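Each chain carries a letter (A, B, C, D, E, F and G) given by its place in the written order, and its residues are counted from 1.
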């Protein structure tokens, strides 16, 4: 725990890899019972 | 060309209104390929399409038309696009991507990167990291401060960034080691960073190194080629998966490595050739 | 014996809404679980996996099925109109009337501010409404 | 690990040396508590898988060229047998491993066939000519023989 | 022995079963009793419920 | 530990007293053959409240099986339940209606009267020969002096003035006045009907 | 799709990458850095039109999401004015360049000293047939439901003493009070609200052990769903209430602020004792009459300073909600 493990992680997944990132909220938590 | 954008948006709205199943399929893809950041299989696509069609009592559309509609909706709303993947046996034994006849797909962004927005993101991440683990500490129940990253930061889950950094380090090790790296020497090289190799869980991630490598292999980040012998014993060789090949291109890898060693922009020449030499037989292109 | 009487009375109470349910008393979890099967589904979901009206009706039926095992000559109760909203409240009052007007061993005094005479279910004999003239 | 269960062969060592005993930790069934292997309390298939895996573990250390197992692939619930076949596939993935002569008295639907292993069939058909008279029928359940080299 | 015959039948509206239960609940204390009292209470309740 | 032995002996003596009390009880039902549909005796025919809480001397003829008092809230709606619980005999803390029995008395008056008319004409009556067809239960609450009673009959002949006769009559009629669920107040009903956790339902039941 | 579409996609991706909720000043800075490379340099501009050029793009993304099945809600945080705007020396953009909050200003000098509303990416679908899980199993869902129930139950406090825990909210409340009028005698009332408070009760889960509970709670805190105060008490953040707008109103009987419809989690809530009616069970303003911090500031500095709930003196008001 001495080196920047976030700055490299910030360069990745943002500058390169063009990877979509989504929160994906806990929607199935509130599932309607459809009575 | 504002009118062109407006009529394209109107056409996308008409398409999504005409095919209700397309919206549900797009939502399911955005859920699966992003929540678990895994590779979508072709076989499950037909099953989910048939199930949605039966639920909506709508005649099943053509798979190519559905794929085109999904790609158009993703590009018009989220800017994403689905690219096909080749078969792993081709490498063991300019190519236009399959798109419609590929057995696997993954969500990929298709917008050129800027020069300051990424700098802003990385600077914010560095600013938050200076206080995240200051004096060898951690946030949560360990300390009395919960909202350490102000109201909201770019750190996401405080572990996804570490996961991506470790993945980038592993890819750099595999890419630059003549596309052939052994497991023991890879562990020894990773020990230089500070990751223990005695089985203790790594910090932040709280996941053992072997389990992390297994997860990376499962997520198509690396390929465990097994050229096991006798004189020496079992042999674990790490390769580059098709997902990594699709995510990281030649120009993308050059841009990523430009800031790795902090080389000046004037000396950008004579580096792409070295990157190509280091990659070797890794890309099917 | 008490749990058997409560279970049977709860089963007989749920039939008013065309439901079918049961009570389960667990000592491992020290809890009472209500299972209700309505018209739509085919599996007895947990009572918490329902709506507000169904849960309120189940609670009222549980109240009656808890009064039942203890044979009481006289039972008295205050208002319940604030715990149930509109149609469910009418159904709950209907359940109270239907389940309590039949039994002769138990005399029930229900004090409510809501006018029962507005409810169409007043024509049933054995129900006495004493509306106070003085407000 | 393939079973999704945790178990270790522990050697409990009391003060008396002869009282040292062997403990096997079982997790394949959540209901079954951690106890010594026994037929009556546990199911037949899970017990068979556990003892087969214990046999497999004591193979690389041993200098025997190969191990022989009989009446093993006969169905154990079609689930425990499936997972033990998966374990056998994983073991066969490693090279320089012992050859096992497998016996399958009862056919199992959707059996997994690894590329390293090869299936052999001995059944005969009415329309198939006699093995002695047919030069290519003498080999049973073999495909590499037909191909050159 | 009695219950189920023509004289003392199962059912909720019989007077004899109500009198029996009325006496059983009279003696029953549930704190320091003979178990037969509680057994009778349960059995009489069951026979009263049987139509 | 001698305290454990003392506790054991005390519990044993308590069990002895309880079994003697059980042995003392006899049968109280005579099984008058008679004739089902008709209600048994013991129900409250009428309650009259003279100078009690808010309203003045008030008559109310409760029905035999189901009663729906539509006294509006804020007009002594809960007065009837409090009066019934007090007259039938119950602990003040269990009722939780008023700070003290003194406050139940109407302001400006030193005494309040609660009179109940339990029915004895129908079957199951408690000493129908002595009490007749009705049993009258009147309780007087005075600011000065103890609260008075009489278990008078229809003719006005005060059969008793004690409280043990109250308990005997009530237990014969099987009216659980001691159980705070048979007479549900507003707060108790709210607590029971809003129970959500299965543990809360189990506890309340 | 040359310039405007790329900027809209970048803004949406930045919103999504921040786990849905993101600070508005960060969005403004991102839009500045996207527009400076879009059309010339845009040096001669004003924030009064920058906010509109952000809002119109946000609405353009929102309508597309709505026709797709999503929505971005500009839900205002419970804490507002400068208390939430300060953050850590405003926006982040020393021997080395590692800690420079006031440096790297956009263009010559651009700063937003006021910011209260947060943009949250939410899903309007209720049944959600398409999605069944994200990264968790049913045990974690049950633990989350139990934590939500405990947080809802802890809202009501019996008496509370003059502990006067002063970390964030009560300082802003006192500043608003002294701005309205200078009393400094009994503004700090001895009534406290624990709407988002739990330390040991969450640890009493049965199915999951203490280590699993701690790991799940830490993961949720890192995901910005449950936040911790200075004392160390867990509670729901703005993200949870922004997403579950219907879960906290249908299953649980809750009231809205002075606005048409909004979820109140913190602010001022006295209610005295005579609540609106009696409600299902809980009272003390459990049916209506709740305010935010910014809403309280707006109400107290305008006409009808006294509470409209049948009359309420300011002396008994000032109840702190934590």
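Methods note: a residue touches a chain if its C-beta (ideal position, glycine included) is under 8 Å from a C-beta of that chain, and two chains touch if they have at least 3 such contacts.
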Item checked: Interface ranked first by C-beta contact pairs -> C-F
Next item on the list: Go ahead and note the Å separation of the Cα centroids belonging to chain F and chain G.
Entry: 54
Check: Which integer distance in Å separates the CA centroid of chain D from that of chain F?
Finding: 77
Next item on the list: Would you kindly tell me how far, in whole Å, the mean C-alpha position of chain C lies from that of chain A?
Entry: 49
Check: For chain C, which residues are shared contacts with two or more other chains?
Finding: 71, 82-83
Next item on the list: Give me the residues of chain E that touch two or more other chains.
Entry: 25
Checklist line | Residue numbers of chain G (touch at least two other chains) | finding: 13, 17, 19, 131, 134-135, 278, 280
Margin query: Show me, using the given definition of touch, all chain pairs that touch one another.
Written below: A-B, A-C, A-G, B-D, B-G, C-E, C-F, C-G, E-F, F-G
Check: Touching chain C in the complex: which residues of chain G?
Finding: 250, 277-280
Notebook entry, point to check: Taking the complex as given, what residues does chain A use to touch chain B?
Noted result: 1-22, 24
Item checked: Interface residues, chain D side, partner chain B - complex -> 93-96
Item checked: In the complex with chain G, residue positions of chain A that touch it -> 14, 20-32, 34
Next item on the list: Enumerate the contact residues on chain C facing chain E in the complex.
Entry: 1, 4-5, 8, 71
